[PDB]
Structures are given as C-alpha cells and as structure tokens.
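Encoded as structure tokens, the following chain is the form deposited in one PDB entry, with no partner shown.
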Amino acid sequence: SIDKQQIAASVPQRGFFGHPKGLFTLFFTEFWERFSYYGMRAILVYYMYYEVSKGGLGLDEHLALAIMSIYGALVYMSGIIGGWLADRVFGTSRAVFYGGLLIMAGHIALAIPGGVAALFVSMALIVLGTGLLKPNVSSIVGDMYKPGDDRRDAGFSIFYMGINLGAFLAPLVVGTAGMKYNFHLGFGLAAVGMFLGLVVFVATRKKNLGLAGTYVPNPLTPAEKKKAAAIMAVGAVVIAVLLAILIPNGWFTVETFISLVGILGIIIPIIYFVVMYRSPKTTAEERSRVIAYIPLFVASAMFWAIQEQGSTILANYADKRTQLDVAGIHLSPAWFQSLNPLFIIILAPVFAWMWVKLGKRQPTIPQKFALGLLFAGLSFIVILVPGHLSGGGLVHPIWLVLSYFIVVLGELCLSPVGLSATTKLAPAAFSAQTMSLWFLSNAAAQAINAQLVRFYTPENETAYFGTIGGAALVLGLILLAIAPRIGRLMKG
C-alpha cells in the first residue's frame, strides 16, 4: 500500500468545477461505460427474440428473458470477484483499464454480424469486464480527496449522477438507433461509447490520478500466488473437461446454465449466512444481528426482483402489450428503459429533503425497507389492471409509466439505506465483505427472476403480476410489523 497523503500529493486538486480534474476522468470513464452497458441492455432482449428476418436471433421470448436475468445476476456477482482482483492482484487503476478493454471487446462481438455464439462470447466478456471496471473506478474517486476534504460527498454525488445520466440517455441514443435502423448499429454505438471511456481514461489518468489505484493494496504472498495459480489452472482444466463431454452428450445447455445460476442464487446467500453465524470471530451480539439482517436481506431480494424485472419482463411488456402508436407517433419500446433513471434524477432530491424535514420523525431503516417493498408490490398490482380490465389488445402506455414511477418511490426508500443496514448488522470481522453482501441480495433476486420467466405469458399475466406483487405486499406488511425490534437492535 501507499499512504493516503502521498497519494493525495500526487493528485491535482483542481480543474473540474471546483473538484480535482481526476473527477473528470472518472466521471466520463464511468459515464461512457454505463452509457454503453445500458444502451446495449435496452435493446438486447429484443435482439434475442425478434425474428431473424427482423435482424434478431429468433430465440423464444422466454429464453431471452431468462438469459437477460442471468446476465444481470452474473454482472452483480462479477463485481465481487472484480473487487478482489483489484484489491489483491491488479490495483484499481489497472482493473479499470483491463475491464474497459474486455467490455469494449464484448460490444464489438455484438456489433459485427453474428448469431447466438457471438452473444454468449459478448456476455462473458462484458460480465468479466464490468466486474473489473465498475466497482474499481468508484474506489479511485475516494482516492483523489485528502482526508478531511469537504468536497468528497459532493464529488461522489457528481460521479454517481453520471451513472444515472448514462442510464437515461443510452436508451434514447442506442435504443433509437438499434430499433429504428439495425440492431448491430446499436451495438456499434455502444462499442464506440466504451471506446470513448477508454480513451479518456488512458489519455488523462497519468496527470489526473497520479498514484491513485496504481498499487496493490492487499497483495498475495509468494506462496499464495502459487496456490492461486494452481487452483485456477486445475479449475480451468476441470471446467473444460466437463463441457467437452457435456455440451454434446451431457447434456449441458443454456437451460442447465440458467438452472445452475438459479441454484447458486439460493445456495450462496445461505452459505454466507451460515459462515457469518457460525464464525468463531464473532460476538454473541453480532450473531443476533446476523439473524436480524435476514428479513432485511429477504426484503431486499424481493424488492430487486421486481425492480430488475423493469429491464426484462416490463421490456417485453413495452414491446408486446403496450400501445406504442400514440399521439401520431411511434414510441420505441426501448425508450421505457429511460424512465427509471429519469424518475431517480427528479425524485432523489425531493426524498432527501423529505427525510431532512422529517428528522426524528422519519421512518427507521427497517421501515424504509418495508416501504420499498410495499411500493414494489403496488407497482405490479397497478400493471396487471389494464390487461385485466380490457378484453384484450394493447394497453395505454400511461400504465407502464405509472408502474415505473411507483417502483422508483420504493427504490428511494430502500436503496439508499441498503448499504447502511448491511454494515450495521454484519459482524466486525466481516466488515470488508459488506458491499458484496448488499450486492448479493440483488444477484440472488435476478437469479431467481430467471426461473420465474416461464410463468410470464399473455394467458396468466394477471396471476403473474398479482402473485409477485401480492407476495411483496405481504412481505412488506410482515417487515413493518417486526421493524420495531430490528431497528432498536441496529448498531449505529
């Protein structure tokens, strides 16, 4: 490691709206990565299930939705792996660079003419690369501000804004291009996007970031390096040999893989919980907190399950169930992916001010989890209504807009205290695993989403949204009820 002072001395403190110019490097690196990721995502599902004669891959709709859910799950998991690689082998600056390259390569694999193999390579590359870039670019931003710098919070706010900004614009740019012209054009704009991110990062990182992220904070010892190398190699050959017999004669298919991820999405959280609870490095008080954290973890998973379907199930809904020809124009179904970030950008400051105004009277953290869940469930009840009231046919887009609006109301309750809840209830020995634990509730939710896709059909649409929405409402009520004790139990 290097001391934070010498690192700070190596980073310029001016140059970007009162902030260090390094914030420019990090804002735009991350903006373009998110832009590219979200643009590609706004059209990917359609690319999968649109007919071959329409530029698509001609996959079954259900398979496309399942793949999309596993995709998000794997991306969430990858960030855990990626964080460890920066911390113990690459440093963060180099993780960002390699991640970017991998991401760019992933987009190119889609931008060129290709079929379903190209899609699978593209996913792998983007899963790996986003794992390396996304958590680590954010680690570097803290590194620019010396301890005690009052600009730090604001610098993080500006940085995070770029992410939402990327999320808002991408469906309007890549979404429009991909749907109106050609899918590969869309994927190409995503590729160019990431390229601009790489360009800004490589061209400016030396002067703007100085020493930040250039060292390995927690390096493996020589013996560890040999251990890791052996485990990897053996691991690589063992995976390879299974697939050799399995892909033709196993059989190992995309269905198996989707199932596997589903299994893992349940198994992993359970192991994490057992390990934390049984750990000899924990106090009796910490053990009670781990137990207290379970309903919060479940509420989170349920919440993200609904929220993450905004990019899968509801994307299909925008495309197959929604009246797009309104006001003399034709709406692109991908454009609905701009609604979640838009509402976040607008409502976040309103909520902030609200909690301030509430002060001592504001809901506790477990109560805000509950509220998030209640709103998420409500968003699904709302969405079932028009298809239920109509005999058939496309429904007015205002309903989908309202459903996205409502889930945002829930997101601004639960999400901003998610990390805080996790840190307050995890044992001190596991303080470093705190971001992973929080990300895991999302990963698990999307892993499960992929197994729920078979239930989504025009015929049981009502049972689908109704059952999931009802589950969330029920869970939200139970959480409200047990929230008092969970709150008093919180560390602080």
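In case it trips you up, residue 1 is the first one in the sequence shown, and so on. So that the term is clear: the rigid core is the largest set of C-alpha atoms that superpose within 1.5 Å between two forms.
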Regarding 64 to 72 and 432 to 440, which shows the higher C-alpha temperature factor on average in the entry?
432 to 440
Residue stretch of maximal mean CA temperature factor, 467 to 475 vs 12 to 20:
12 to 20
Which one of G82, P295, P217, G186 shows the top CA temperature factor in the record?
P217
Largest Cα B-factor, entry values, listed residues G178, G106, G418, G328
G328
Compared with the other modelled residues in the chain, in which third is the CA B-factor of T462?
middle
Consider only the C-alpha atoms of the modelled residues in this chain, order them by B-factor as the entry records it, and name the third containing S311: lowest, middle or highest.
lowest
If you rank the chain by CA B-factor, which third does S139 end up in: lowest, middle or highest?
highest
With respect to C-alpha B-factor, does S53 fall in the lowest, middle or highest third of the chain as deposited?
highest
Chain thirds by Cα B factor, record data; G213 belongs to the highest
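From this point on, the text means the form deposited in another entry, which you will not see here.
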With the rigid core superposed, which of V121, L264, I291, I245 has its C-alpha shift by 2 Å or more between the shown form and the other one?
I245
Is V234 among the residues whose Cα moves by 2 Å or more between the shown form and the other one after superposition of the rigid core?
yes
With a change of at least 3 Å, which way does the C-alpha separation between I247 and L44 go in the other entry: closer or farther?
farther
Which way does the C-alpha gap of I247 and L110 go in the other entry, closer or farther, given it changes by 3 angstroms or more?
farther
